[PDB]
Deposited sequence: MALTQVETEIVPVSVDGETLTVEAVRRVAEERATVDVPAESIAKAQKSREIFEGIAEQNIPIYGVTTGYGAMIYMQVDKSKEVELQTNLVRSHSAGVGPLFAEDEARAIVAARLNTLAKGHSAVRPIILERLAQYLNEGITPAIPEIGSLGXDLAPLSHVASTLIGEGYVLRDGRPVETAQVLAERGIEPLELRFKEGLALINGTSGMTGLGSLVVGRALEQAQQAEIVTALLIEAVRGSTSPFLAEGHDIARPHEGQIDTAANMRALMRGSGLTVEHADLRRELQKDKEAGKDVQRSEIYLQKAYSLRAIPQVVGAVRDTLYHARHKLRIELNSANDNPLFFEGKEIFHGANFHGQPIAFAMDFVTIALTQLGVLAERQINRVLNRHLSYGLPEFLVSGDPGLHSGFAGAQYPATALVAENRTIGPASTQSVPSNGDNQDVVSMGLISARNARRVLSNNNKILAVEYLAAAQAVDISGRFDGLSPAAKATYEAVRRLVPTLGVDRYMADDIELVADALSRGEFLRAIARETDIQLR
C-alpha cells in the first residue's frame, strides 16, 4: 500500500498520491543497497583528493577552483545556503511534496553516490508530514527551489505549516529529529536536478488529464441538452479515418458518456427529418434543421483529442524523467565519474510549455461552447442567456460568461518559457531551460480552465432546467446534472454568481465530476 520510489518504476499518478492523498513512500531495501554500496566506492575515490565537480572543485563558473577534501562538509554546506535565494510565494503543500518526492526518487536510482541516510531523511519528511517551504521563483531549470528543500535536511531554511514558513530547527526539535550534516557531494546531489519542474509538472499533467475528462463530461451533457447529433462521434471517423490516439479516446469517451440518451439524435434521423422538410415543390429550400452543428459540438474529438496527445507526450517524458538520474556528476561502477548535464530540464521544459498551449485550446473550446448555449441564435431554441423568467429585466447567465471569456484572453498572454534562456554565472550557464517557469504557466492555465469549465457546467445544468429535458438525459448526463444541482440550485431569478462559479470550480479541481461518473454509472473513462 506504500508507494515504491526505486528510481525506475515511479509514475505520475503515484507522485500525486504521495503529494495529495499522502500515500506512504518506501525505498526498497534493494535500492538502499545499491546506494550504500555505491556510497562506498565513490567515497574511496573522493578520499584520494581527486578532481570531482561539486565535491573537490568550485561550483559553476568557479570550477577552476580546486578544493581540498578537508573542507568536504563546508563545500556542500556553503552551497545549499548561498544558493538558498528563492523568492516569491511558497509552493502548496501538495506541490512541495511532489517536488521532494521527485528528488527522493532521483537519488534512489543509485547513481548520485549519496548515503542512504539522505534517502531515509527525505522519506521521513514525506511520511512524517514535514513539508519544506519552497519559494516558487528562482530556478533557471531547479537550484533555488531545491536548495530551500535541502536546507530543511540540515535543519535550516523554513518548513511550511498552515501556509506560513516556520524555522526548520524549531520544528525539528518539536519532532525530535536531529538535523543531518551534508557530506561529499551530498549538498550538490540534492539541489542539482529537474525535480522542481518534474514534481510540479507531474501534478499538472495528472490533473490536466482529469480536466480533459471533465471537459468531455460536461460537453456530453451540453450536447444532450441541445439535442445534438452523435454522428461526429462514430468510431469509423476516428478509429479508421483519423487514427489519432487522443482523437479515438475522446470519441470513445463521448460515445459512452451519451449512452442511453433520449435527447441526442442520429444522422439517419436528421436526414430523414430534412428530406421530409423539403416537402416544398423544389429548388433552393431554406430549412430550420441543421444536418450538423457548430464546431464546438462537432469537432470535440479532434480538438480535445489533440489536447490528449500533448498530455500523453508530457506524461511520457515526465515518466522517463521521474525515473532518471537528473543530477551531476554521476557515478557508475567500474567507470569514471560521469560529467555531463542531466540536470538540464529542457525535455520537461518543452513538455510543460506544450501542456500550457494544449490546455489553452481546451479552454478556448469550452468558452465557445458556453457562448453557444447563451446565444439565442446558436442555442437551437433556448431562451437568450438561459433566462427562465423575463429577459431584459433579468440578465440570466449573461454576466457569467465574461469571466470565462476574460480567461481565454488571459491564458493567451502566457508565452512559452522554455525558449527564454538567459546566460548567467560567468556564462557557465549559457543555455538553460527555464522549466520551472513552464510548469507554473501550465498550472495557471490549468487552474483557469476550471473556472471556465465551472461556467460551462452551470450553464449546462441551467439549460437542462430551461428546456425541461431532464427525463431525457442519459445515465451519465443525469449524474452530471445532479452533481451540479447538488452544489448550485437552478437559476430562477438573477443573483450573485461569483460564489456559485467558485464552488463548482473547486469541485472540478477535486475531480468531483469525474467521480460522480464512476460511482453513479458503469462508465469507464479513458
When the deposited sequence is counted from residue 1, which ranges lack any model?
1-10, 152
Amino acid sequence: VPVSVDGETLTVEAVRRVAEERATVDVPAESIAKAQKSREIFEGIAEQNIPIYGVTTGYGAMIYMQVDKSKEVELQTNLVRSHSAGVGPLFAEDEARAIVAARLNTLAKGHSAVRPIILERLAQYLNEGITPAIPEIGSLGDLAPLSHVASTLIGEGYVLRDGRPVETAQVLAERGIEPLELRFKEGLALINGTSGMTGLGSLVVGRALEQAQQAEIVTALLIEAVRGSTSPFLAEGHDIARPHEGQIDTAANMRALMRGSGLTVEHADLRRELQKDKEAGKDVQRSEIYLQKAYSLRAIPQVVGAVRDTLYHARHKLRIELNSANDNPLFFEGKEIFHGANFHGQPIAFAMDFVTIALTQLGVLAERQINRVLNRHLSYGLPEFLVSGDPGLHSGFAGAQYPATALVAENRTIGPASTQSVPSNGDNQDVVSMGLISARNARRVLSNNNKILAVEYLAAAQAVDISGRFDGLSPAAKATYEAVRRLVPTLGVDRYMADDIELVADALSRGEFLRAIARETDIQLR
From here on, numbers count along this sequence of modelled residues.
Where do the C-alpha atoms have the higher mean temperature factor in this entry, in 65-73 or in 455-463?
65-73
Going by the average Cα B-factor in the PDB entry, point out whether 130-138 or 104-112 comes out higher.
104-112
For the C-alpha B-factor as written in the entry, point me to the maximum among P403, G281, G305, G206.
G281
Highest Cα B-factor in the deposition, which of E216, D327, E95, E167?
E167
Select lowest, middle or highest to describe the third in which the CA B-factor of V504 falls within its chain in this entry.
lowest
For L362, does the deposited CA B-factor place it in the lowest, middle or highest third of the chain?
lowest
Quick tally, chain-level thirds of C-alpha B-factors: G228 sits in the middle
Taking the entry's C-alpha B-factors for this chain, is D430 in the lowest, middle or highest third?
lowest
B-factor third for the C-alpha atom of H377 within its chain
middle
